[PDB]
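Overview (structure and organization)
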2 protein chains.
Amino acid sequence: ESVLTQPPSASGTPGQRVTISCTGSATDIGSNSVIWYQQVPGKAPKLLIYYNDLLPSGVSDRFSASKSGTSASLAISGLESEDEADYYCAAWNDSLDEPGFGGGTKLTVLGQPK
Amino acid sequence: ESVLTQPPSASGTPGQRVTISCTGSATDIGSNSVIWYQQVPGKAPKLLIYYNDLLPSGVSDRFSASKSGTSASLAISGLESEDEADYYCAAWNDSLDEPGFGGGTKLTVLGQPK
């Protein structure tokens, strides 16, 4: 965190298209490729997006991403209960000489049984 | 596959340090960053290494990697039963204008109960 800015929380109902933003600067997002991943802390990340907008193998086509200037966005179409997780953005930062990270966005899916 | 070459199979006993090679060319490994991931086909990849030799969050320090010229290597120190999986290498290929992949290496850990 703190290099990239992500909202702390995001929520939606089943079937909605929800977007998660990630904002940076010329030295990170502006010049280098963005990655998106889901992670439970202390476990290896599940990669969702690489090279700004490409889907790796095995990832659902409900996911998409874009990058414009110093901002990046992750879109989830057809929100499903299984989508509840913590989402992070990352990119190489020329100022750090290593990767920079967002703080993570907890996505909550409403309308599930209690 | 076929852009990058990986051995199809790898095996070891508990506690061994095992290496997995990935060979390419000037247009992929030679010029661009290598990623390593584990994957069950049809599921999102678990990212192990990014930017040739860096460990993402949550990944065990038993894992390490290196890149030299057009070849890359993944090392697993202290081989454990949980390490049995399919391992892939990837890198952006300037000739393809998109990522190139290895064929995957099935790692088998010996000495477990039948």
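Cut-offs applied
- Residues numbered from 1 in each chain as written, not as in the entry; some residues may be left out.
- Chains lettered and ligands numbered in written order.
- Heavy atoms only, no water.
- Helix = DSSP H or I, 4+ residues; strand = E, 2+ residues; numbered from the N terminus.
- Rg over C-alpha atoms; globule rule 2.2 N^0.38 Å.
- Buried < 20%, exposed > 50% of the residue type's maximum accessible area, 1.4 Å probe, protein only.
- Contact = heavy atoms within 4.5 Å.
- Areas by Shrake-Rupley, 256 points an atom, 1.4 Å probe, with all protein chains shown as cover.
- Least-squares fit on C-alpha atoms.
- Buried area = accessible area lost by both parts, 1.4 Å probe.
- Salt bridge = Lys/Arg side-chain N within 4 Å of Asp/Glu carboxyl O.
- Polar contact = N/O pair within 3.5 Å; in protein donor to acceptor, adjacent residues only side chain to side chain.
- Nonpolar A, V, L, I, M, F, W, Y, C, P; charged D, E, K, R; others polar.
- Disulfide = S-S within 2.5 Å.
- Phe/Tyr/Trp six-rings, centres within 6.5 Å; stacked < 30°, edge-to-face > 60°.

As recorded in the PDB header, X-ray crystallography is the method behind this entry, and the stated resolution is 1.6 Å.

1. Re the overall build of chain A
Counting secondary structure elements, chain A contains 0 helices and 9 strands. Along the chain direction, N to C, the helices and strands of chain A fall in the order β-β-β-β-β-β-β-β-β. In terms of overall dimensions, chain A is globule-like: its C-alpha atoms have a radius of gyration of 14 Å, near the 13 Å expected for 114 residues. For the C-alpha atoms alone, the extent of chain A along its principal axes is close to 45 × 25 × 25 Å. A buried classification covers 44% of the 114 residues belonging to chain A. Taking as baseline every contact in chain A between residues at least 6 positions apart, the subset at least 24 positions apart corresponds to 57%. Accessible surface computed for chain A: about 5,400 Å², of which carbon and sulfur atoms make up 49%.

2. Considerations on the relation of the copies chain B and chain A
At an RMSD of 0.0 Å, chain B and chain A line up after a rotation of 180° and a shift of 0.0 Å along the axis. Classification of the inter-copy transformation places it as that of a two-fold axis. Residues of chain B ranked by C-alpha distance from the rotation axis are headed by B:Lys46, positioned 2.4 Å from it. Both copies share a contact surface, since 100% of the interface residues of chain B are interface residues in chain A too.

3. Section: the interface of chain B and chain A
At the junction of the two partners, chain B supplies 22 residues and chain A supplies 22 residues. Interface of chain B and chain A: buried area, both sides summed, is about 1,900 Å²; carbon and sulfur atoms make up 65% of it. It is B:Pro45, B:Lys46 and B:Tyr51 that lose the most area in chain B upon contact with chain A, and together they represent 28% of the buried surface on that side. In this structure, the connection of chain B to chain A is made through 0 salt bridges. Where chain B touches chain A, the interface holds 6 residue pairs in polar contact. When contributions to the side of chain B that touches chain A are tallied by element, the ones reaching two or more residues are β3 (34-38), β4 (46-49), β7 (85-93) and β8 (98-101) of chain B. The element contributing the most residues to the side of chain B that touches chain A is β8(B), with 3 residues. A breakdown of the residues in the side of chain B that touches chain A according to their chemical character gives 14 nonpolar, 5 polar and 3 charged.

4. Some details on the state of the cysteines
Residues and elements named next belong to chain A. Under the defined criterion, the tally for this structure stands at 2 disulfides over all chains. The side chain of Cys 22 participates in a disulfide bridge whose partner is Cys 89; the two sulfur atoms lie 2.0 Å from each other. Note on the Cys 22 and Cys 89 pair: the S-S dihedral is about 85°, so by sign convention the disulfide is right-handed. Of the two residues, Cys 22 is situated in strand β2 (residues 18-23) and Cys 89 in strand β7 (residues 85-93); the sequence distance between them amounts to 67 residues. Looking at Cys 22, the relative accessible area reads 0%, which means it is buried.

5. Comments concerning the packing of aromatic side chains
Inspection of the entire model under this criterion finds 6 aromatic pairs over all chains. With a centroid separation of 5.5 Å and 20° between ring planes, the pair formed by B:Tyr37 and B:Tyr88 is classed as stacked. Of this pair, B:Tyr37 sits in strand β3 while B:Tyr88 sits in strand β7; the two residues are 51 residues apart in sequence, bridging distant segments of the chain. Per residue, the accessibility class of B:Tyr37 equals that of B:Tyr88, and both read buried. Three or more aromatic residues link up through ring pairs in this structure, and these residues are A:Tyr50, A:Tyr51 and B:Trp92.

6. Notes on unusual backbone geometry
Residue and element names in this part refer to chain A. Phi at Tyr 51 is positive, roughly 55°, even though this residue is not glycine. In this fold, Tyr 51 is placed in the loop between β4 (46-49) and β5 (63-68). A positive phi angle, near 70°, is found at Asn 52, a position not held by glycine. Within the element layout of this structure, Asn 52 appears in the loop between β4 and β5.

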